[PDB]
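Enquirer: Here it is: the structure, laid out below.
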Amino acid sequence: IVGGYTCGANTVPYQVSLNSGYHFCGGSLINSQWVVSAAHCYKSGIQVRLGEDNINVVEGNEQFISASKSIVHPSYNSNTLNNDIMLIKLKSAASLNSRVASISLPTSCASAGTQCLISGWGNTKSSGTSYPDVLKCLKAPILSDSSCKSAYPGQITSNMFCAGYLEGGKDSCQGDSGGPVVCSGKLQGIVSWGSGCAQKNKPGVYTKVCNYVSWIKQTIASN
Ligand SMILES: N=C(N)c1ccc2nc(C(=O)c3nc4ccc(C(=N)N)cc4[nH]3)[nH]c2c1
Ligand SMILES: [Ca+2]
């Protein structure tokens, strides 16, 4: 997260780290047995780490659980990153409490101008590299489709929205992919892609979760 702040240990209790020997993507716990993340985060051998703040220190609130199965969206296109979403089932149910909580799926889509919280352990520098060990947070508005599509011509589909600041300075970044965009208590976005991080006129692009609720609910119930 570039230009964000330290969340505070376990203030984002639905945030997940996906680990395959090291943190490589975030995710969101949507109930005790299921995580949603980005399909471009797919790997074989995922361990889901819940209750994390510093990902390099065991501070006592963590639950480390292996993934039993991963389901990438049936129409995921890795070239356009259209339908960038995947579900990950846990081998055993998470114990929910104040530090490990699930996030709600949306009943409808959020409008332009709604303020959202975006969180992750990704790169904190735009020109350069610096990786945080504690969770970073950023409040950002959903931008209008016109300014999202003018920023990326011919690349935004109906399944994507932009969030952030066109002056730049504040954005999601690599290492944040798969992570949550929560607006009004609902999971509305997934960190998907962007051009670099925090550049002017290059906002982040997020998977629009309100278009996938039927697919998520049908898939978790049959698996
Ligand atoms: N090797 C992998 N499995 C992998 C996983 C995640 C990646 N994510 C990227 C990656 O390219 C990437 N993730 C981004 C997220 C946000 C922004 C942004 N500016 N909002 C830019 C990003 N660029 N490459 C990736 C590669
Ligand atoms: Ca830890």
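Order determines the names: the first chain of the structure tokens is A, the second B, and so forth; residues in each chain are numbered 1 upward, and ligands are numbered 1 upward as they are shown.
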Output as a count of residues only all residues of range 1-213 of chain A that backbone DSSP marks as alpha helix (DSSP H).

Expert: 8

Enquirer: Pick out the residues no farther than 6 Å from ligand 2, counting only C-alpha atoms and all ligand atoms, and list them as a VMD selection string.

Expert: chain A and resid 52 to 59

Enquirer: Print the selection's residues with N, CA, C and O atoms to a file, as a PDB file, in the first residue's frame.

Expert:
ATOM      1  N   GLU A  52      -3.271 -12.338  11.391  1.00  0.00           N
ATOM      2  CA  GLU A  52      -1.960 -11.783  11.266  1.00  0.00           C
ATOM      3  C   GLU A  52      -1.840 -10.299  11.447  1.00  0.00           C
ATOM      4  O   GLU A  52      -2.713  -9.574  10.957  1.00  0.00           O
ATOM      5  N   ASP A  53      -0.796  -9.866  12.186  1.00  0.00           N
ATOM      6  CA  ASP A  53      -0.422  -8.468  11.955  1.00  0.00           C
ATOM      7  C   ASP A  53       0.974  -8.415  11.321  1.00  0.00           C
ATOM      8  O   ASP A  53       1.111  -8.129  10.124  1.00  0.00           O
ATOM      9  N   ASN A  54       2.044  -8.640  12.075  1.00  0.00           N
ATOM     10  CA  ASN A  54       3.381  -8.697  11.499  1.00  0.00           C
ATOM     11  C   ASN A  54       3.515 -10.081  10.878  1.00  0.00           C
ATOM     12  O   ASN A  54       3.414 -11.099  11.614  1.00  0.00           O
ATOM     13  N   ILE A  55       3.755 -10.256   9.612  1.00  0.00           N
ATOM     14  CA  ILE A  55       3.819 -11.584   9.009  1.00  0.00           C
ATOM     15  C   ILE A  55       5.135 -12.347   9.182  1.00  0.00           C
ATOM     16  O   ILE A  55       5.260 -13.546   8.873  1.00  0.00           O
ATOM     17  N   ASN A  56       6.063 -11.629   9.830  1.00  0.00           N
ATOM     18  CA  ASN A  56       7.340 -12.202  10.161  1.00  0.00           C
ATOM     19  C   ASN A  56       7.465 -12.539  11.610  1.00  0.00           C
ATOM     20  O   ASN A  56       8.464 -13.148  12.023  1.00  0.00           O
ATOM     21  N   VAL A  57       6.460 -12.227  12.422  1.00  0.00           N
ATOM     22  CA  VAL A  57       6.575 -12.537  13.845  1.00  0.00           C
ATOM     23  C   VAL A  57       5.397 -13.291  14.320  1.00  0.00           C
ATOM     24  O   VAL A  57       4.307 -12.780  14.069  1.00  0.00           O
ATOM     25  N   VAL A  58       5.435 -14.437  14.961  1.00  0.00           N
ATOM     26  CA  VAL A  58       4.266 -15.055  15.532  1.00  0.00           C
ATOM     27  C   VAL A  58       3.930 -14.277  16.834  1.00  0.00           C
ATOM     28  O   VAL A  58       4.621 -14.390  17.846  1.00  0.00           O
ATOM     29  N   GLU A  59       2.860 -13.452  16.850  1.00  0.00           N
ATOM     30  CA  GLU A  59       2.455 -12.594  17.972  1.00  0.00           C
ATOM     31  C   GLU A  59       1.385 -13.248  18.824  1.00  0.00           C
ATOM     32  O   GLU A  59       0.933 -12.647  19.803  1.00  0.00           O
TER      33      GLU A  59
END

Enquirer: Please list as a PyMOL selection string every residue within 8 Å of residue 139 in chain A, counting only C-alpha atoms and excluding residues in the same chain fewer than 5 positions away.

Expert: chain A and resi 4+115-118

Enquirer: Mind checking which residues fall within 12 Å of residue 141 in chain A, counting only C-alpha atoms, ignoring those fewer than 6 positions away in the same chain, and posting them as number ranges by chain?

Expert: A: 110-118, 161-166, 170-171, 181-184, 188-189, 203-204

Enquirer: Based on the selection just made, write N, CA, C and O atoms of those residues as an mmCIF file, in the first residue's frame.

Expert:
data_model
loop_
_atom_site.group_PDB
_atom_site.id
_atom_site.type_symbol
_atom_site.label_atom_id
_atom_site.label_comp_id
_atom_site.auth_asym_id
_atom_site.auth_seq_id
_atom_site.Cartn_x
_atom_site.Cartn_y
_atom_site.Cartn_z
ATOM 1 N N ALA A 110 -21.517 -0.748 -5.108
ATOM 2 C CA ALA A 110 -21.317 0.538 -4.460
ATOM 3 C C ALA A 110 -21.160 1.630 -5.499
ATOM 4 O O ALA A 110 -20.617 1.367 -6.576
ATOM 5 N N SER A 111 -21.592 2.849 -5.204
ATOM 6 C CA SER A 111 -21.512 3.946 -6.137
ATOM 7 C C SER A 111 -20.190 4.675 -6.045
ATOM 8 O O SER A 111 -19.434 4.628 -5.078
ATOM 9 N N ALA A 112 -19.928 5.377 -7.143
ATOM 10 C CA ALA A 112 -18.773 6.273 -7.288
ATOM 11 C C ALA A 112 -18.801 7.250 -6.112
ATOM 12 O O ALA A 112 -19.881 7.701 -5.703
ATOM 13 N N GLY A 113 -17.672 7.592 -5.539
ATOM 14 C CA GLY A 113 -17.663 8.437 -4.396
ATOM 15 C C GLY A 113 -17.810 7.653 -3.115
ATOM 16 O O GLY A 113 -17.445 8.245 -2.091
ATOM 17 N N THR A 114 -18.292 6.410 -3.003
ATOM 18 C CA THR A 114 -18.249 5.746 -1.704
ATOM 19 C C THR A 114 -16.768 5.574 -1.255
ATOM 20 O O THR A 114 -15.861 5.378 -2.086
ATOM 21 N N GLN A 115 -16.496 5.731 0.041
ATOM 22 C CA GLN A 115 -15.173 5.581 0.633
ATOM 23 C C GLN A 115 -15.054 4.111 1.042
ATOM 24 O O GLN A 115 -15.995 3.513 1.605
ATOM 25 N N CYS A 116 -13.879 3.566 0.766
ATOM 26 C CA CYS A 116 -13.550 2.162 0.963
ATOM 27 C C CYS A 116 -12.233 2.020 1.752
ATOM 28 O O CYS A 116 -11.386 2.928 1.724
ATOM 29 N N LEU A 117 -12.057 0.919 2.497
ATOM 30 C CA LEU A 117 -10.806 0.635 3.123
ATOM 31 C C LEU A 117 -10.168 -0.484 2.287
ATOM 32 O O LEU A 117 -10.844 -1.473 1.968
ATOM 33 N N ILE A 118 -8.888 -0.311 1.948
ATOM 34 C CA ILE A 118 -8.086 -1.272 1.152
ATOM 35 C C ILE A 118 -6.916 -1.638 2.072
ATOM 36 O O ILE A 118 -6.314 -0.723 2.679
ATOM 37 N N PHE A 161 -13.652 -2.060 -11.269
ATOM 38 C CA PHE A 161 -13.788 -0.639 -10.990
ATOM 39 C C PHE A 161 -12.426 -0.090 -10.562
ATOM 40 O O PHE A 161 -11.458 -0.774 -10.197
ATOM 41 N N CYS A 162 -12.308 1.218 -10.616
ATOM 42 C CA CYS A 162 -11.166 1.934 -10.120
ATOM 43 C C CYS A 162 -11.466 2.541 -8.747
ATOM 44 O O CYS A 162 -12.577 3.020 -8.447
ATOM 45 N N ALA A 163 -10.426 2.602 -7.923
ATOM 46 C CA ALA A 163 -10.500 3.294 -6.658
ATOM 47 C C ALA A 163 -9.148 3.948 -6.405
ATOM 48 O O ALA A 163 -8.090 3.385 -6.760
ATOM 49 N N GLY A 164 -9.204 5.154 -5.842
ATOM 50 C CA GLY A 164 -7.992 5.823 -5.485
ATOM 51 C C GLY A 164 -8.066 7.297 -5.820
ATOM 52 O O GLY A 164 -9.126 7.945 -5.716
ATOM 53 N N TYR A 165 -6.899 7.819 -6.198
ATOM 54 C CA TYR A 165 -6.628 9.257 -6.383
ATOM 55 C C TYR A 165 -5.852 9.452 -7.687
ATOM 56 O O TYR A 165 -4.730 8.923 -7.863
ATOM 57 N N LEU A 166 -6.451 10.249 -8.599
ATOM 58 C CA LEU A 166 -5.817 10.519 -9.899
ATOM 59 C C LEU A 166 -4.575 11.409 -9.808
ATOM 60 O O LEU A 166 -3.721 11.410 -10.692
ATOM 61 N N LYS A 170 -1.229 7.685 -3.542
ATOM 62 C CA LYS A 170 -1.922 6.763 -2.652
ATOM 63 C C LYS A 170 -2.578 5.695 -3.540
ATOM 64 O O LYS A 170 -3.421 6.037 -4.397
ATOM 65 N N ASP A 171 -2.197 4.411 -3.292
ATOM 66 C CA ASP A 171 -2.634 3.250 -4.080
ATOM 67 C C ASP A 171 -2.287 1.918 -3.425
ATOM 68 O O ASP A 171 -1.437 1.862 -2.515
ATOM 69 N N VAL A 181 -11.288 -4.809 -0.571
ATOM 70 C CA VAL A 181 -11.703 -3.414 -0.690
ATOM 71 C C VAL A 181 -13.078 -3.477 -0.009
ATOM 72 O O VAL A 181 -13.996 -4.140 -0.543
ATOM 73 N N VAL A 182 -13.216 -2.901 1.199
ATOM 74 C CA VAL A 182 -14.487 -3.000 1.914
ATOM 75 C C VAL A 182 -15.121 -1.625 1.960
ATOM 76 O O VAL A 182 -14.440 -0.666 2.310
ATOM 77 N N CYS A 183 -16.403 -1.476 1.609
ATOM 78 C CA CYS A 183 -17.066 -0.173 1.547
ATOM 79 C C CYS A 183 -18.364 -0.434 2.248
ATOM 80 O O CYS A 183 -19.033 -1.428 1.965
ATOM 81 N N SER A 184 -18.690 0.346 3.268
ATOM 82 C CA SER A 184 -19.922 0.201 4.055
ATOM 83 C C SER A 184 -20.194 -1.162 4.636
ATOM 84 O O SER A 184 -21.286 -1.726 4.597
ATOM 85 N N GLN A 188 -16.525 -5.199 -1.404
ATOM 86 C CA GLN A 188 -16.929 -4.774 -2.737
ATOM 87 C C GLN A 188 -15.856 -4.973 -3.802
ATOM 88 O O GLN A 188 -16.150 -5.005 -5.004
ATOM 89 N N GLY A 189 -14.605 -5.150 -3.448
ATOM 90 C CA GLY A 189 -13.520 -5.211 -4.432
ATOM 91 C C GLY A 189 -12.446 -6.168 -3.989
ATOM 92 O O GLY A 189 -12.396 -6.521 -2.800
ATOM 93 N N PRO A 203 -4.973 5.094 -11.362
ATOM 94 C CA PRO A 203 -5.627 4.459 -10.211
ATOM 95 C C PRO A 203 -5.576 2.920 -10.186
ATOM 96 O O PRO A 203 -5.267 2.250 -11.170
ATOM 97 N N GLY A 204 -5.739 2.289 -9.042
ATOM 98 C CA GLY A 204 -5.796 0.849 -8.992
ATOM 99 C C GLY A 204 -7.125 0.372 -9.589
ATOM 100 O O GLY A 204 -8.146 1.077 -9.553
#

Enquirer: Quick one: everything within 12 Å of residue 149 in chain A, counting only C-alpha atoms, minus sequence neighbours fewer than 2 positions away in the same chain. Send it as a list in words.

Expert: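 That gives residues 143, 144, 145, 146, 147, 151, 152, 153, 154, 155, 156, 157, 158, 160, 161, 162, 163, 201, 202, 203, 204 and 205 of chain A.
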
Enquirer: Looking at only C-alpha atoms, which of A:15, A:199, A:33, A:123 is the one that sits closest to residue 95 in chain A?

Expert: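 Looking only at the distances to residue 95 in chain A, the closest residue turns out to be A:33.
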